Amino acid sequence: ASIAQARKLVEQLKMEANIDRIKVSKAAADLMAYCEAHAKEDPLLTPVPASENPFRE
Amino acid sequence: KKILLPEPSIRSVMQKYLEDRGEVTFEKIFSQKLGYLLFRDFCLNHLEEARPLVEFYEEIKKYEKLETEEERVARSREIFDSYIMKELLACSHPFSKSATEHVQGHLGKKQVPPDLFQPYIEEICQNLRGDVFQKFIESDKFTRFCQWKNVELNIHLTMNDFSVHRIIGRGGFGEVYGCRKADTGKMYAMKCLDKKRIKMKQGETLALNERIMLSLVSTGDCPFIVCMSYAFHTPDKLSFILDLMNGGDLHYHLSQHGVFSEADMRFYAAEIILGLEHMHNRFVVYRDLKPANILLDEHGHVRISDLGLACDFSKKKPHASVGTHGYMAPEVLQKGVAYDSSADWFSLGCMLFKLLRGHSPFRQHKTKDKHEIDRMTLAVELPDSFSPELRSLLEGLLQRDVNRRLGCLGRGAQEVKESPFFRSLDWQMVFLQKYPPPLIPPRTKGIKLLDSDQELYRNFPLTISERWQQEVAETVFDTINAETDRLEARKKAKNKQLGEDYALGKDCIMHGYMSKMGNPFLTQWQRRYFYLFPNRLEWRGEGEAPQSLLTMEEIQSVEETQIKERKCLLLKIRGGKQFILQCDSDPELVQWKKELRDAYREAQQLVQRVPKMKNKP
Amino acid sequence: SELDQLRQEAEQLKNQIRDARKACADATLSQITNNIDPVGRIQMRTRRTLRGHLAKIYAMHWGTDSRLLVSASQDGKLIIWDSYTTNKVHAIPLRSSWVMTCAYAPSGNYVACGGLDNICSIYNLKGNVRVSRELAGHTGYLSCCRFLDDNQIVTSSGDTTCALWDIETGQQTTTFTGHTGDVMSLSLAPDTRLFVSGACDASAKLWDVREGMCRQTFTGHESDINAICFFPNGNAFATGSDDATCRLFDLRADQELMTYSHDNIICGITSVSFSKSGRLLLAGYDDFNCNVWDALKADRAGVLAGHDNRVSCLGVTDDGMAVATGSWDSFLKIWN
Ligand SMILES: COCc1noc(CNC(=O)c2cc([C@@H]3NC(=O)N[C@@H](C)[C@H]3C(=O)Nc3ccc4n[nH]cc4c3)ccc2F)n1
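As summarised from the PDB record, the model derives from X-ray crystallography at a stated resolution of 2.740 Å.

Chain B appears in the PDB entry as Beta-adrenergic receptor kinase 1 from Homo sapiens. Quoted straight from UniProt, the Catalytic activity entry for chain B says "[beta-adrenergic receptor] + ATP = [beta-adrenergic receptor]-phosphate + ADP + H(+)".

If you look chain A up in the PDB entry, it shows as Guanine nucleotide-binding protein G(I)/G(S)/G(O) subunit gamma-2 from Bos taurus. Check the Function section of the UniProt entry for chain A; it says "Guanine nucleotide-binding proteins (G proteins) are involved as a modulator or transducer in various transmembrane signaling systems. The beta and gamma chains are required for the GTPase activity, for replacement of GDP by GTP, and for G protein-effector interaction." Comment text from UniProt for chain A, heading Subcellular location, reads "Cell membrane".

Caption draft 1: Region of the structure containing the interface of chain C and chain B. Of the residues lining the interface, 30 residues belong to chain C; the matching set on chain B comes to 28 residues. Put simply, chain C and chain B have two salt bridges between them. A salt bridge links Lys-616 of chain B to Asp-242 of chain C; the nearest nitrogen and oxygen atoms lie 2.6 Å apart. Counting across the interface, chain C meets chain B through 11 residue pairs in polar contact. Of all elements in the fold, only β2 (57-62) and β6 (99-104) of chain C reach the threshold of two or more residues within the side of chain C that touches chain B.

Caption draft 2: How the structure looks around the UniProt feature "active site" in chain B. Residues and elements named next belong to chain B. Here the UniProt-annotated "active site" positions come out as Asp-288. Assessed through its relative accessible area of 11%, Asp-288 is described here as buried. Excluding anything up to four places from it in sequence, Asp-288 contacts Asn-293, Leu-309, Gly-323 and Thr-324.

Caption draft 3: The arrangement of the interface of chain A and chain C in detail. Listed per partner, the contact involves 43 residues of chain A and 60 residues of chain C. Of the roughly 4500 Å² buried at the junction of chain A and chain C (both faces included), carbon and sulfur atoms supply 68%. If you look at where chain A meets chain C, you find three salt bridges. Note that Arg-21 of chain A and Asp-254 of chain C form a salt bridge whose closest N and O atoms lie 2.9 Å from each other.

Caption draft 4: Highlighting the environment of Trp-293 of chain C. Residue and element names in this part refer to chain C. Along the polypeptide, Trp-293 turns up in strand β24 (residues 289-294). Taking the C-alpha atoms as reference points, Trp-293 and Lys-276, 17 residues apart in sequence, are found 14 Å from one another. Residue contacts for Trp-293: discarding those within four places in its chain leaves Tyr-260, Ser-261, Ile-265, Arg-279, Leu-280, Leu-281, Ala-283, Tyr-285, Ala-298, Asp-299, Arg-300 and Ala-301. A polar contact of 3.2 Å, which involves the side chain of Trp-293, links it to the side chain of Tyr-285.

Caption draft 5: A look at the packing of aromatic side chains. Residue and element names in this part refer to chain B. Tallied over the full model, the rule gives 49 aromatic pairs over all chains. Arranged with centres 4.8 Å apart and planes meeting at 90°, the rings of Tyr-513 and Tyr-529 form a pair that is edge-to-face. Within this pair, whereas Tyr-513 is found in strand β11 (residues 510-517), its partner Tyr-529 is found in strand β12 (residues 525-533), the two being separated by 16 residues in sequence. Exposure remark for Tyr-529: the relative accessible area of 8% places this residue in the buried category. Taken together, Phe-26, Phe-30, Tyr-36, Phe-39, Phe-42, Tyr-57, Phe-133, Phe-136, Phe-142 and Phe-145 form an aromatic cluster joined through their ring pairs. Geometry around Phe-173 places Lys-201 over its ring, the cationic atom sitting 5.9 Å from the centre. One residue, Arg-527, lies across the ring of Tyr-513, its end atom 4.4 Å from the ring centre.

Caption draft 6: Region of interest: the sheet that holds strand β22 (residues 269-274) of chain C. Residue and element names in this part refer to chain C. Pairing is antiparallel in the open sheet, where four strands are placed in the order β22-β23-β24-β25. With one partner strand each, in any of the chains shown, β22 and β25 (300-305) form the two edges of the open sheet. Each neighbouring strand pair of the sheet contributes to a mean axis angle of 20°, computed without reference to strand direction. Of the strand pairs in this sheet, strand β23 (residues 280-285) and β24 are connected by five bridges, and their pairing is antiparallel.

Caption draft 7: How the structure looks around the domain arrangement of chain B. Residue and element names in this part refer to chain B. When its domains are assigned, chain B resolves into domain 1 (7-49 + 130-156 + 464-502), domain 2 (50-129), domain 3 (157-246 + 446-463), domain 4 (247-445) and domain 5 (503-609). Inter-centroid distance (C-alpha atoms) of domain 1 to domain 5 is 26 Å. Contacts between the two partners involve 17 residues from domain 1, matched on the other side by 26 residues from domain 5. Buried surface at the junction of domain 1 and domain 5, both sides included, amounts to about 1700 Å², of which 53% is carbon and sulfur. Summed over the three residues of domain 1 that lose the most area to domain 5, namely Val-13, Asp-501 and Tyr-502, the buried surface amounts to 41% of that side. Summed over the shared surface of domain 1 and domain 5, the number is zero salt bridges. The interface formed by domain 1 and domain 5 includes eight residue pairs in polar contact. The biggest single contributor to the side of domain 1 that touches domain 5 is helix α1 (residues 11-19), with five residues. When the residues that make up the side of domain 1 that touches domain 5 are grouped by side-chain class, the tally is seven nonpolar, five polar and five charged.

Rules used in this analysis
- Residues numbered from 1 in each chain as written, not as in the entry; some residues may be left out.
- Chains lettered and ligands numbered in written order.
- Heavy atoms only, no water.
- UniProt positions renumbered as here; feature names shortened; annotations may be inferred.
- Contact = heavy atoms within 4.5 Å.
- Salt bridge = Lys/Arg side-chain N within 4 Å of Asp/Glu carboxyl O.
- Polar contact = N/O pair within 3.5 Å; in protein donor to acceptor, adjacent residues only side chain to side chain.
- Helix = DSSP H or I, 4+ residues; strand = E, 2+ residues; numbered from the N terminus.
- Buried < 20%, exposed > 50% of the residue type's maximum accessible area, 1.4 Å probe, protein only.
- Buried area = accessible area lost by both parts, 1.4 Å probe.
- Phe/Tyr/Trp six-rings, centres within 6.5 Å; stacked < 30°, edge-to-face > 60°.
- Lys NZ or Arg CZ within 6 Å of the ring centre and 35° of its normal.
- Pairing = 2+ DSSP bridges.
- Axes fitted to C-alpha atoms, helices over the stretch in contact; angles between N-to-C directions.
- Domains from an automatic or database assignment.
- Nonpolar A, V, L, I, M, F, W, Y, C, P; charged D, E, K, R; others polar.

This is the structure in C-alpha cells:
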C-alpha cells in the first residue's frame, strides 16, 4: 500500500539477488566431506563403549 | 452449634465475590453494622492517621443521642474545643471553611440542635472514603470482614437452628412459637404457617405478601413494629423469625383489664402512631389495625404485627375491601375505590374508641351482623365523658371524607402528633420508650401438595442483613473475633515451625479450599487447597506442593449439579472424563463457577491464536 | 504509477533470484551421496526419564556442559535437570503462566524464557534464583530466544520480527524485520555472526547479527516453519514444518538441497537438531514420535517412540552423546 515499503522490498531483493552462489554439486560435496571428517567423533553414529558413555551404567 | 469463622484464606474468594457486585466501596461497608465495627477497629487501633477522624465521628454520634439542650450545650463545646479548635491551632483541621463556621456560628448563639455536626459528618466520610478506606482493604481487618460476610451469605436456616419453645399465638393458618436461635442465643418468635392449611383456604397469595411486607419495614429497627429477621420454609411449613413479644395482644388484655382510661389509651396510641409512621414512610398500609394485632412486650410497650393484609402503595394504590369489619374506612369498604394510608388513620380512630368503650365505634347493641356495622361507616355520636381534646382527635380521625380526616391532610403522622390530645407528650421520649406502660403483662386432612405447589415458595427464604448483623454484633461478634484471633495467630506462629506462600509473585487468579471427589462409593472427598491460574487449576495437600492439576484446555464445560442436595460443580473433560468439586459455602461456589468459566473460555480463545500451543490434526 | 513498477520490479527480481538458483542445480545432494554407505539402523534407548513437570512441555535447551538442561512447561515452571542423575538442580516458578520457550546460556550462569507475556526473562542462577532482567519490546509472544553471551541475546516473536538485546541495559539494540508471519524459531550459527529463523510465512531467513540485515530468504515449505537448526559447520540449516516434511538449505548454494518426508507421515514437525557430525537429522513429530533421518541420503534411519503425546522439542548435546525429547505428556527423556 505504501510507496516507502515497496522501495524497501525492492532494495532487499537486490541484496538477496546480488550474492555469490556456488554449484549445488560443490555445496553438496562440502557437506558430505564434513560428515566424513567428524563421523568418528559422533557418539550417535559410532557407538562408544559404556566406559565412555555417561548414560550407560 | 456456635458460629465458626472460615480461615483467613477465604479473603481471596470473597474479595473478588464482593468486588464483582460493587460491594467493596466505602459507602457500602461503612454503613453495615459489622463493617463499621471492623473499620472502626482498624482506624482507632491500627492507624494513627484515622484515629482522630473516627473518635470525632463517634463523638458526634453520641452528641446526636443527647436528650436535653443542657446536655448538648455542655457537649457541643467539648467537641468543638477538642476536635475543632485544637485542630485549627495546629493547622491540621482537614475540613472546609463552611463546616467550621456552621458549627461556631451555632455555638456563640447557644442554638445547639442534635444535628449540629452534620456538615462535619459529610466531610468526615469524605476524609475516610479515600486513602484510609484503601489501606483498610489492604489490612487484615478487611479480611475478617470477608470472614464474617462469608458466614452471612452462607446462612441456610432449618428448624434445627432454633430451639422451639411454648406456643404464644394461634390463627387460621398456623401458630407462633417462642424460640431461641442456637447460633447466637438471641430470643426470637417463630411464626410457623402450614402450607396445607394455606391451600385449603387458598391463602397462598397472602403468605408471600406478608414476607414481602415484612421486608419493606424490617429495616431501620423500628421499636413499634414486630419486624422480621429471617424467613425459611420446610416441605410442609413456612417459618417467620420475628421480634419476640411475649406479653399477649391488646384484644386479650382489653377483655381482662376492661376499658382503658383516656390516659392509658394515650400511651398505646402514641406508640402505635410511631409504628404506623414507620410503615407509611415505607409505603405500606396496614389496613387491619385492631387490638388483636397489637402485641405487648414484657414491660407493656406495644408493636403492630402481622402484615399479611398490608400492601405496598408505592406504585399503585389498593382498592380492595380488606381489613376487619368495624375498623375499615368508608373508602376501603367501597369496592372499586382506591385509598391510601387514610385507612390506618381511620382504623386507628375505630380502634382507639374501642379501647375506651369496649366495643367498636360502629358495633351497636353488641350485634354480630357484618352488614350493619359497615352500614354505620357510610355522625357517630361520642359520649359526654370524652374530653374535648380526645373528642376533637377521634372527630378528625373518623371523618367520613378523606379531605377532612386527621392525618390525611398533607403532613402525614405529624398531623396526629400535633393533636391537642397529645400536647403533653414529648415524642422523642415516646420513641425512646420512656413512658410507663399502663398494663404490665403478668407471668383439615385429606390435602396434599408438591412440585407445582412448592414453586410458589421458592423465593420465600430470606435473610435481613441489617437484622442478622445487629444480632451478631450484640451477641457473639466480640467473643468470636477474640477466639478466632487467638486461633489464627497460632497457625502462623506455629507455621514458622513448618514454614512462603504459593500464590504470591505469579499470575494466580484465585485460590482457596475445595473438596474434589474421589471414588463416590466411598464418600471419598479430598479437601485440597486449589490455585486457579489463567491456564490451569492446581491443588495440593498440607505441607506438600501442588502435585496435580487440570488445564483449562482439558475443561470443556462447567455446570452446577446436585449431589446429595449439596450444590456442586461438574467439570467435563475432553477425554470423556468428569471432575466434581464441592465448596464450603455458596459464595465460594458462585465465584469458582464464574472464574472457572471465564478462565477456560479466555484460555481456549487464546490458545487457538498461538500456533505452537493449539491442537492440530 | 511508481507503486506499480515497484511491485512489478519485485516480481522481476524474484524471477532473477529463481533463475540464479536453477543455474546452480547441476546436480542434487541425493545424486552426490549415492555412493557413501548408509548409516544402517540407529537404535537408541531411553537412558533417563525426567519426571517433574505437571503439564505439557513446550521447549528445552542443553547447557554447554552436555549435562544440564532447562525446560519450559505448561505448568508455568522452568526445571533445570541434571540429566546424569535426574535430580532437579533448580525449579523456577515464573511470573507468567504462558511460557513457550527457554534457553541455556553458554556460560551456564543465566537462563531465559518467555511466551504470551511478550517478555524475555533472564534468570540468574548464581545464593538464590530470581529474575535479573525483563526484556520488553516485542508486541507479540516470545517464540524463541538464544544467548550470544552473558550480555547479548537474540529473540523471535509473534510480531513477525527478531531482536538483539543488551542484557545489562535491557535495550532492544537491533531489530530484524522482514518476515510476514509469526516467527516460530531461531538458530544461531556456530560462529555467532549469523542466525536463521523460521516463521509461519513458510520461509526461512538468514540474518547478520552485526549488520542487523537479512541476507537470504529460503522458501519451499507449504505451511508454517515450526523449527530450525544450523548444520554444525554453519553452511546449512534444517527446518521442520507443518507440511510433514523437513528440508535442508545450503547457504552458499542459496536454495533447498533435500526434503525429508514420507507418505506414511502426515503430522507436522515441532523441533529439529543435528548429530555432532551433522550426519543425522533428528526431528520431533506431532504423532508422538521422533524420527532420525539420514541427512545425506534422506533415508529414515530410526524412530524414538516413547512419548504418549506430542513431541514438542528435542536437542543434541554438544558432545553428541545423547538427545533429549520433550513432550506434551510432561516428560523429558534422554536417548542414547
Ligand atoms: C402465611 O400467611 C400469613 C397469614 N395470612 O393471614 C393470616 C391470618 N392470621 C393467622 O394465620 C395467625 C394469627 C395469629 C394471631 N391472631 C391474630 O388475630 N393477630 C395476631 C397478632 C396473631 C399473632 O399471634 N401474631 C404474632 C406475630 C409475631 C409474634 N411474636 N411473638 C408473638 C407474636 C404474635 C397467630 C398465628 C397465625 F397463623 N396469616
